[PDB]
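The data block below is final-v6.txt; it holds compact mmCIF, C-alpha atoms.
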# COMPACT_ATOMS: atom_id res chain seq x y z
CA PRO E 32 124.39 136.28 -64.11
CA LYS E 33 125.46 138.53 -61.27
CA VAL E 34 123.92 140.87 -58.72
CA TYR E 35 125.02 144.51 -58.64
CA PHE E 36 123.95 148.09 -58.08
CA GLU E 37 122.70 149.96 -61.19
CA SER E 38 123.43 153.41 -59.85
CA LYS E 39 126.66 153.78 -57.93
CA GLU E 40 125.94 157.07 -56.11
CA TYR E 41 123.12 159.13 -54.52
CA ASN E 42 123.21 162.57 -52.88
CA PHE E 43 121.01 163.79 -50.03
CA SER E 44 120.88 167.04 -48.07
CA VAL E 45 120.47 167.04 -44.30
CA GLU E 46 118.07 169.91 -43.71
CA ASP E 47 118.06 171.90 -40.49
CA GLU E 48 116.33 170.14 -37.59
CA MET E 49 116.14 166.92 -39.59
CA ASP E 50 117.04 163.89 -37.48
CA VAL E 51 115.65 160.88 -39.40
CA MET E 52 115.28 160.05 -43.08
CA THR E 53 114.50 156.99 -45.18
CA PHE E 54 115.66 155.91 -48.60
CA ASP E 55 115.22 152.95 -50.94
CA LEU E 56 117.87 150.31 -51.47
CA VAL E 57 117.62 148.16 -54.61
CA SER E 58 120.07 145.85 -56.34
CA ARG E 59 119.64 144.09 -59.69
CA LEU E 60 120.67 141.22 -61.93
CA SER E 61 122.85 141.58 -65.02
CA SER E 62 120.23 139.52 -66.87
CA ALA E 63 117.02 137.77 -65.82
CA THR E 64 116.96 134.12 -64.79
CA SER E 65 114.43 131.33 -64.25
CA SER E 66 114.54 131.11 -60.46
CA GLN E 67 114.31 133.52 -57.56
CA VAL E 68 117.64 135.09 -56.69
CA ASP E 69 118.12 135.87 -53.01
CA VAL E 70 120.13 138.86 -51.83
CA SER E 71 121.12 140.58 -48.64
CA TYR E 72 122.78 143.77 -47.53
CA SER E 73 125.29 145.11 -45.07
CA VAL E 74 127.13 148.32 -44.30
CA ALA E 75 130.48 148.16 -46.03
CA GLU E 76 133.81 148.39 -44.23
CA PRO E 77 135.05 151.91 -43.42
CA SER E 78 138.15 151.15 -45.56
CA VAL E 79 135.83 151.31 -48.59
CA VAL E 80 135.36 155.02 -47.80
CA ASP E 81 139.10 155.45 -47.36
CA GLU E 82 139.70 153.94 -50.82
CA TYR E 83 137.11 156.26 -52.32
CA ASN E 84 138.61 159.31 -50.64
CA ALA E 85 142.11 158.31 -51.78
CA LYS E 86 140.97 157.67 -55.38
CA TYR E 87 139.10 160.98 -55.64
CA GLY E 88 140.81 163.17 -53.00
CA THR E 89 137.48 163.65 -51.27
CA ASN E 90 136.82 163.99 -47.59
CA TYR E 91 133.75 161.92 -46.85
CA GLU E 92 133.14 160.77 -43.28
CA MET E 93 131.57 157.40 -42.62
CA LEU E 94 128.24 157.41 -40.80
CA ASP E 95 127.96 155.25 -37.67
CA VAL E 96 126.31 151.88 -38.23
CA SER E 97 124.36 152.41 -35.02
CA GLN E 98 122.31 155.07 -36.80
CA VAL E 99 121.36 152.74 -39.67
CA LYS E 100 118.32 150.45 -39.66
CA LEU E 101 117.18 148.27 -42.55
CA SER E 102 113.56 147.20 -42.88
CA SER E 103 115.07 143.79 -43.52
CA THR E 104 118.58 142.58 -44.21
CA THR E 105 117.42 140.22 -46.94
CA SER E 106 115.46 140.60 -50.17
CA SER E 107 114.98 138.77 -53.45
CA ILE E 108 114.68 139.24 -57.20
CA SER E 109 111.62 137.43 -58.52
CA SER E 110 112.03 134.96 -61.38
CA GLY E 111 112.06 136.79 -64.71
CA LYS E 112 112.71 140.21 -63.15
CA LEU E 113 115.85 142.35 -62.90
CA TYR E 114 115.34 144.47 -59.77
CA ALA E 115 115.18 143.27 -56.21
CA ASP E 116 112.22 143.97 -54.01
CA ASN E 117 112.87 147.22 -52.24
CA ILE E 118 114.39 147.51 -48.80
CA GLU E 119 113.97 150.72 -46.76
CA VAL E 120 117.00 152.18 -45.03
CA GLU E 121 116.35 154.43 -42.05
CA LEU E 122 119.06 156.84 -40.99
CA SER E 123 118.80 158.45 -37.56
CA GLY E 124 120.85 160.82 -35.41
CA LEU E 125 121.24 163.26 -38.30
CA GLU E 126 120.59 166.34 -36.17
CA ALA E 127 123.68 165.51 -34.10
CA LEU E 128 125.99 165.21 -37.11
CA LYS E 129 128.55 167.99 -37.23
CA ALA E 130 127.80 170.58 -39.91
CA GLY E 131 130.51 171.41 -42.44
CA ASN E 132 131.23 167.80 -43.23
CA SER E 133 130.08 165.48 -45.92
CA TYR E 134 129.08 161.97 -44.93
CA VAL E 135 128.68 158.66 -46.68
CA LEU E 136 126.92 155.39 -46.08
CA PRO E 137 128.32 152.63 -48.31
CA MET E 138 126.01 149.63 -48.65
CA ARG E 139 127.22 146.25 -49.86
CA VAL E 140 125.06 143.69 -51.59
CA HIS E 141 125.56 139.94 -51.13
CA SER E 142 123.81 136.92 -52.62
CA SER E 143 123.38 133.35 -51.47
CA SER E 144 122.17 132.42 -54.98
CA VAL E 145 124.67 133.92 -57.40
CA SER E 146 127.88 135.98 -57.49
CA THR E 147 128.11 139.72 -57.11
CA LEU E 148 130.22 141.92 -59.39
CA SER E 149 133.34 143.26 -57.67
CA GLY E 150 133.63 147.03 -58.13
CA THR E 151 129.87 147.26 -58.65
CA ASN E 152 128.52 145.71 -55.43
CA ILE E 153 128.64 148.83 -53.27
CA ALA E 154 126.09 151.64 -53.41
CA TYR E 155 127.25 155.00 -52.03
CA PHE E 156 124.81 157.35 -50.35
CA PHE E 157 126.18 160.80 -49.65
CA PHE E 158 124.83 163.27 -47.11
CA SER E 159 125.83 166.91 -46.98
CA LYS E 160 125.33 168.97 -43.86
CA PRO E 161 125.99 172.65 -44.53
CA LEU E 162 127.91 174.83 -42.10
CA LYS E 163 126.51 178.35 -41.81
CA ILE E 164 127.21 181.28 -39.56
CA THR E 165 124.03 183.18 -38.63
CA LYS E 166 125.17 185.22 -35.59
CA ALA E 167 128.08 187.57 -34.99
CA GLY E 168 129.48 189.92 -32.37
CA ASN E 169 128.69 193.63 -32.40
CA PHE E 170 131.32 196.32 -32.00
CA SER E 171 130.27 199.89 -31.43
CA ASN E 172 132.89 201.10 -28.96
CA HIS E 173 133.55 197.62 -27.53
CA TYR E 174 136.79 195.97 -26.57
CA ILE E 175 138.17 192.62 -25.56
CA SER E 176 141.38 192.88 -23.54
CA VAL E 177 143.45 189.67 -23.91
CA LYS E 178 146.36 188.54 -21.79
CA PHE E 179 148.29 185.64 -23.31
CA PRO E 180 150.14 183.17 -21.08
CA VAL E 181 153.28 184.56 -19.45
CA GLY E 182 156.31 184.64 -21.68
CA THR E 183 154.24 184.25 -24.79
CA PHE E 184 156.42 185.32 -27.62
CA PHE E 185 154.94 184.87 -31.01
CA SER E 186 157.63 184.17 -33.57
CA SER E 187 155.49 182.86 -36.37
CA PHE E 188 151.85 183.82 -35.97
CA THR E 189 148.47 184.47 -37.54
CA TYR E 190 145.66 186.87 -36.81
CA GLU E 191 142.39 186.14 -38.61
CA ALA E 192 138.74 187.14 -38.48
CA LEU E 193 135.54 187.48 -40.44
CA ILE E 194 134.61 191.18 -40.40
CA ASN E 195 131.77 193.35 -41.62
CA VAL E 196 132.30 197.07 -41.31
CA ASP E 197 129.42 199.43 -40.55
CA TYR E 198 131.51 202.53 -41.26
CA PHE E 199 135.13 203.59 -41.40
CA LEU E 200 136.64 206.22 -39.20
CA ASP E 201 140.26 207.32 -39.77
CA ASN E 202 141.75 204.30 -37.97
CA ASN E 203 139.65 201.22 -37.09
CA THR E 204 141.16 198.58 -34.78
CA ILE E 205 140.69 194.91 -35.68
CA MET E 206 143.07 193.15 -33.29
CA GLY E 207 146.58 193.25 -31.82
CA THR E 208 149.05 195.10 -29.68
CA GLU E 209 149.29 198.81 -30.44
CA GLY E 210 152.82 199.99 -31.10
CA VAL E 211 153.99 196.40 -31.53
CA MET E 212 151.82 194.30 -33.89
CA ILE E 213 148.31 195.45 -34.73
CA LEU E 214 145.94 194.77 -37.63
CA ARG E 215 143.72 197.72 -38.42
CA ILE E 216 141.85 199.41 -41.25
CA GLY E 217 143.08 202.91 -41.94
CA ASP E 218 145.36 205.48 -40.44
CA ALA E 219 144.02 208.49 -42.30
CA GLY E 220 145.07 211.01 -39.67
CA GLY E 221 148.63 210.23 -40.77
CA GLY E 222 147.78 211.18 -44.33
CA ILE E 223 149.28 208.03 -45.84
CA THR E 224 146.91 205.11 -45.23
CA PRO E 225 143.31 205.67 -46.40
CA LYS E 226 140.54 205.01 -43.88
CA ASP E 227 139.39 201.87 -45.67
CA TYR E 228 142.79 200.21 -46.33
CA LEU E 229 143.86 197.19 -44.31
CA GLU E 230 147.20 197.70 -42.65
CA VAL E 231 149.58 196.09 -40.23
CA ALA E 232 151.35 198.47 -37.87
CA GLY E 233 153.66 198.46 -34.87
CA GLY E 234 157.40 198.09 -35.00
CA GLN E 235 157.07 197.89 -38.79
CA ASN E 236 154.20 198.41 -41.23
CA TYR E 237 152.67 197.76 -44.61
CA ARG E 238 149.28 197.96 -46.26
CA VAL E 239 147.06 196.71 -49.06
CA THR E 240 146.29 198.54 -52.31
CA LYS E 241 142.46 198.32 -52.59
CA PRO E 242 139.70 199.48 -50.17
CA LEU E 243 137.19 197.38 -48.26
CA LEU E 244 133.49 198.13 -48.61
CA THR E 245 131.04 198.56 -45.77
CA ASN E 246 128.15 196.14 -45.22
CA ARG E 247 130.08 193.20 -46.70
CA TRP E 248 131.64 190.18 -45.01
CA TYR E 249 135.36 189.67 -45.58
CA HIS E 250 137.75 187.11 -44.22
CA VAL E 251 140.95 188.91 -43.23
CA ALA E 252 144.27 187.46 -42.07
CA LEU E 253 147.80 188.56 -41.22
CA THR E 254 150.56 185.93 -41.15
CA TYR E 255 154.25 186.05 -40.38
CA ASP E 256 156.58 183.13 -40.99
CA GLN E 257 159.60 184.02 -38.89
CA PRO E 258 162.09 181.62 -40.50
CA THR E 259 161.34 182.72 -44.06
CA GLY E 260 160.71 186.29 -42.96
CA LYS E 261 157.58 186.45 -45.12
CA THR E 262 154.48 188.23 -43.96
CA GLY E 263 151.19 188.54 -45.78
CA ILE E 264 147.77 190.15 -45.50
CA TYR E 265 145.04 188.00 -47.01
CA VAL E 266 141.46 188.92 -47.91
CA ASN E 267 139.02 186.10 -48.74
CA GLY E 268 141.98 183.77 -49.00
CA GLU E 269 143.80 185.93 -51.59
CA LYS E 270 147.13 187.57 -50.73
CA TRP E 271 146.55 191.34 -51.03
CA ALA E 272 149.91 192.47 -49.73
CA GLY E 273 153.18 191.17 -48.44
CA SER E 274 156.46 192.16 -46.91
CA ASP E 275 159.65 190.72 -45.44
CA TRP E 276 160.66 191.25 -41.86
CA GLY E 277 163.72 190.24 -39.91
CA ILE E 278 162.15 190.29 -36.44
CA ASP E 279 162.36 187.27 -34.20
CA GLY E 280 158.78 187.82 -33.05
CA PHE E 281 156.85 190.01 -30.65
CA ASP E 282 155.54 190.08 -27.10
CA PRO E 283 151.74 190.47 -27.39
CA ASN E 284 151.53 191.50 -23.77
CA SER E 285 153.87 194.46 -24.08
CA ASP E 286 152.58 197.86 -23.06
CA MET E 287 148.75 197.95 -22.94
CA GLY E 288 148.77 194.48 -24.40
CA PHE E 289 146.47 192.83 -26.86
CA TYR E 290 143.04 194.19 -27.76
CA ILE E 291 140.21 193.27 -30.09
CA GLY E 292 137.91 196.00 -31.41
CA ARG E 293 139.09 199.03 -29.39
CA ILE E 294 142.38 199.98 -27.70
CA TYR E 295 140.73 200.78 -24.40
CA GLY E 296 142.39 203.62 -22.48
CA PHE E 297 144.93 204.51 -25.18
CA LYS E 298 145.71 208.21 -24.86
CA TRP E 299 146.36 208.74 -28.56
CA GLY E 300 143.00 207.36 -29.62
CA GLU E 301 141.05 204.22 -28.81
CA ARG E 302 140.31 203.68 -32.50
CA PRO E 303 137.14 201.60 -32.11
CA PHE E 304 135.87 199.28 -34.79
CA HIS E 305 132.28 199.81 -35.87
CA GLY E 306 130.82 196.61 -37.28
CA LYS E 307 130.61 192.91 -36.62
CA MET E 308 133.21 190.19 -36.19
CA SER E 309 133.07 186.42 -36.27
CA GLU E 310 135.61 183.60 -36.05
CA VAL E 311 138.34 185.73 -34.49
CA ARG E 312 141.57 183.76 -34.00
CA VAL E 313 145.20 184.10 -33.06
CA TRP E 314 147.61 181.27 -33.88
CA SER E 315 151.20 180.69 -32.83
CA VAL E 316 152.02 179.48 -36.36
CA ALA E 317 151.84 181.03 -39.81
CA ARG E 318 148.75 179.44 -41.29
CA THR E 319 149.15 178.54 -44.94
CA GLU E 320 146.90 180.05 -47.65
CA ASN E 321 145.15 176.69 -47.92
CA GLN E 322 144.58 176.52 -44.17
CA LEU E 323 143.13 180.00 -44.17
CA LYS E 324 140.83 179.26 -47.13
CA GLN E 325 139.50 175.97 -45.94
CA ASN E 326 138.79 177.00 -42.35
CA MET E 327 137.27 180.49 -42.70
CA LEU E 328 133.93 179.46 -41.13
CA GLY E 329 135.13 177.22 -38.32
CA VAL E 330 137.96 175.27 -36.75
CA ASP E 331 138.26 172.77 -33.89
CA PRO E 332 138.88 174.80 -30.74
CA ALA E 333 141.19 172.01 -29.54
CA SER E 334 143.60 172.70 -32.43
CA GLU E 335 147.31 172.73 -31.75
CA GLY E 336 148.67 176.22 -32.29
CA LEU E 337 145.37 178.00 -31.67
CA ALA E 338 146.12 180.58 -28.97
CA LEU E 339 142.79 182.42 -28.97
CA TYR E 340 139.39 181.74 -30.54
CA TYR E 341 136.22 183.77 -30.33
CA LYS E 342 133.41 182.50 -32.54
CA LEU E 343 131.09 185.31 -31.37
CA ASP E 344 128.03 183.24 -32.25
CA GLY E 345 126.63 183.10 -28.72
CA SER E 346 128.48 179.94 -27.74
CA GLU E 347 131.04 181.79 -25.56
CA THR E 348 130.36 182.37 -21.94
CA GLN E 349 130.13 186.02 -20.92
CA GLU E 350 129.83 186.80 -17.23
CA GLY E 351 131.29 189.25 -14.73
CA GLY E 352 133.14 191.40 -17.25
CA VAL E 353 134.81 188.35 -18.84
CA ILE E 354 134.32 186.67 -22.21
CA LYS E 355 135.82 183.17 -22.15
CA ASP E 356 137.28 182.03 -25.43
CA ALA E 357 136.55 178.73 -27.17
CA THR E 358 139.95 177.17 -26.49
CA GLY E 359 139.38 177.50 -22.77
CA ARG E 360 142.77 179.24 -22.54
CA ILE E 361 141.79 182.92 -22.48
CA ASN E 362 139.53 184.92 -20.19
CA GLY E 363 139.19 188.22 -22.00
CA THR E 364 137.99 191.35 -20.21
CA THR E 365 135.21 193.14 -22.06
CA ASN E 366 132.46 195.71 -21.82
CA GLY E 367 130.22 193.07 -23.39
CA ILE E 368 129.89 191.74 -26.91
CA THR E 369 126.23 191.67 -27.93
CA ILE E 370 125.55 188.75 -30.27
CA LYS E 371 123.50 189.86 -33.27
CA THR E 372 121.35 187.67 -35.52
CA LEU E 373 122.20 188.21 -39.14
CA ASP E 374 119.73 188.80 -41.96
CA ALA E 375 121.36 185.96 -43.87
CA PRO E 376 124.20 183.48 -43.28
CA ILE E 377 127.67 184.93 -43.71
CA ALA E 378 128.61 185.07 -47.40
CA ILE E 379 131.82 186.57 -48.74
CA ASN E 380 130.66 186.52 -52.36

Kindly present the structure from the file in structure tokens form.
Amino acid sequence: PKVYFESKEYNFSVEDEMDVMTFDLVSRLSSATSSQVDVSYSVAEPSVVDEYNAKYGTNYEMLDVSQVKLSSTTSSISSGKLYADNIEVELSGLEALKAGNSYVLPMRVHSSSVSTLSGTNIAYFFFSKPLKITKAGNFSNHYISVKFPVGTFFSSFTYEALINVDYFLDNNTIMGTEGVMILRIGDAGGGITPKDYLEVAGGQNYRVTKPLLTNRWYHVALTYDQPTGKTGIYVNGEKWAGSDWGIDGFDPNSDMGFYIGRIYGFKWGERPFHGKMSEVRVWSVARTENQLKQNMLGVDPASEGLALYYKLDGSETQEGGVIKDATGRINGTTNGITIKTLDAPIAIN
């Protein structure tokens, strides 16, 4: 007879503010025997998690062994029984775990009495820690003026943000460089683009074919892949419109330069956005559809290619007329972005 784990997998949720939890660890025999069978446990090698992720295409992160305590390392299965006496596993440091990841603790069973069954001697305990966005930045005649590093020339690029519109005026600025490359909603004064239609404008233009609602979160993105010439506008990860351009790129600093939320001082209309924004980014690459979809709620601010990042969740420093972005690269000038607490976490469906 052999020692093994009866149930391969268990799932736990790491609730808010939870730092410590305990669970039961039990192995068993394939069939009962006439003497006590001794067992012991250990945390399995991280490569066990890599094999699992490769087999299933999952993305589990291994917990640190330093946050695992066993009531005892050893146990036993009494003569005539199948299941080992319970061991309690205590997991700590849960509050510090990064949200938006799924974690695993793989436990191996060993025996000094009998053999264990390969492929059945690891128990997998999974821990989910949900990423939520519960705060966002208010725009009601507010701007962020952004100066990119000198000689910035975006060839391929991405603008993206989570937005929630309070109301639509004729032309509502999201982000960009007016007259050059700007993402907006509407240009109804021009009698072509309805007030609630996403549009890219500047040296060249195109627009979507369905309106946005008010009081609803959307993820919105504009990409341009300069080598292929393909540009797209994406809403909630779906391509809503596309075009083909021949331009080599654009200088975001040209003219009045780059603005978020309001083209401050523009004589032909400041075109303020009225609503909230979150997770506002500019990249110096064309992000793929998959990259846009998978990262709507958060990205590492250290990411290569990320030229500007405002979470607008309260974690950015605002002082002295400046709002410092998350990359540490951009000190934007602003009239102040009040961080609002949402009624519920951001949901796009």

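The gap separating CA of residue 90 in chain E from CA of residue 131 in chain E is 11.0 Å, in Å to one decimal.
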
Handout entry: Selected residue of minimal separation from residue 113 in chain E among E:80, E:125, E:60, E:85, counting all atoms listed in the file
Key =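 Between E:80, E:125, E:60, E:85, the residue approaching residue 113 in chain E most closely is E:60.
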
Exercise for the section: Anything within 9 Å of (135.1, 190.0, -48.8): list those residues as a PyMOL selection string, counting all atoms listed in the file and sticking to the file's coordinates. Expected result: chain E and resi 193-195+243-244+247-251+266-267+378-380

Centre and edges of the range 65-78 of chain E box, axis-aligned, 8 Å extra per side, as lines of an AutoDock Vina configuration file:
center_x = 126.2
center_y = 141.5
center_z = -53.8
size_x = 39.8
size_y = 36.8
size_z = 36.8

Practice task
Quick one: everything within 10 Å of residue 49 in chain E, counting only C-alpha atoms, minus sequence neighbours fewer than 3 positions away in the same chain. Send it as a PyMOL selection string.
Solution key: chain E and resi 44-46+52+123-127

Practice task
Work out how far CA of residue 365 in chain E is from CA of residue 177 in chain E, in Å to one decimal.
Solution key: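 Rounded to one decimal, the two atoms are 9.1 Å apart.
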
Practice task
Enter the distance from CA of residue 362 in chain E to CA of residue 268 in chain E, in Å, rounded to one decimal.
Solution key: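 About the pair CA of residue 362 in chain E and CA of residue 268 in chain E: they are 28.9 Å apart.
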
Exercise for the section: Would you mind listing what lies within 7 Å of residue 74 in chain E as a list in words, with all atoms listed in the file counted and same-chain residues fewer than 4 positions away left out? Expected result: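 Using all atoms listed in the file, the neighbours found are residues 137, 138 and 139 of chain E.
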
Please save C-alpha atoms of the selected residues as an mmCIF file, keeping the file's coordinate frame.
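Written out: selection.cif:
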data_model
loop_
_atom_site.group_PDB
_atom_site.id
_atom_site.type_symbol
_atom_site.label_atom_id
_atom_site.label_comp_id
_atom_site.auth_asym_id
_atom_site.auth_seq_id
_atom_site.Cartn_x
_atom_site.Cartn_y
_atom_site.Cartn_z
ATOM 1 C CA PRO E 137 128.320 152.630 -48.310
ATOM 2 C CA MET E 138 126.010 149.630 -48.650
ATOM 3 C CA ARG E 139 127.220 146.250 -49.860
#

Exercise for the section: Compile the contact shell of residue 318 in chain E as a PyMOL selection string: residues with an atom at most 8 Å away, counting all atoms listed in the file, same-chain residues fewer than 4 positions apart removed. Expected result: chain E and resi 188-189+254+314+322-323

Completion exercise
Nearest to residue 130 in chain E, restricted to all atoms listed in the file and choosing among E:330, E:214, E:192, E:219, comes out as E:330

Handout entry: Surrounding residues of residue 202 in chain E excluding itself and chain neighbours under 2 positions, 8 Å, only C-alpha atoms, as a PyMOL selection string
Key = chain E and resi 199-200+204+215-220+226+302-303

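Using all atoms listed in the file, the shortest contact distance between residue 143 in chain E and any of E:209, E:69, E:55, E:82 is found at E:69.
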
Practice task
Determine the nearest neighbour of residue 115 in chain E from the options E:129, E:59, E:141, E:270, counting all atoms listed in the file.
Solution key: E:59

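Counting only C-alpha atoms and comparing E:175, E:370, E:229, E:338, the residue that lies closest to residue 354 in chain E is E:175.
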
Problem - Residue with smallest distance to residue 190 in chain E - pool E:159, E:104, E:67, E:315, counting only C-alpha atoms - result: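 Comparing E:159, E:104, E:67, E:315 against residue 190 in chain E, the winner is E:315.
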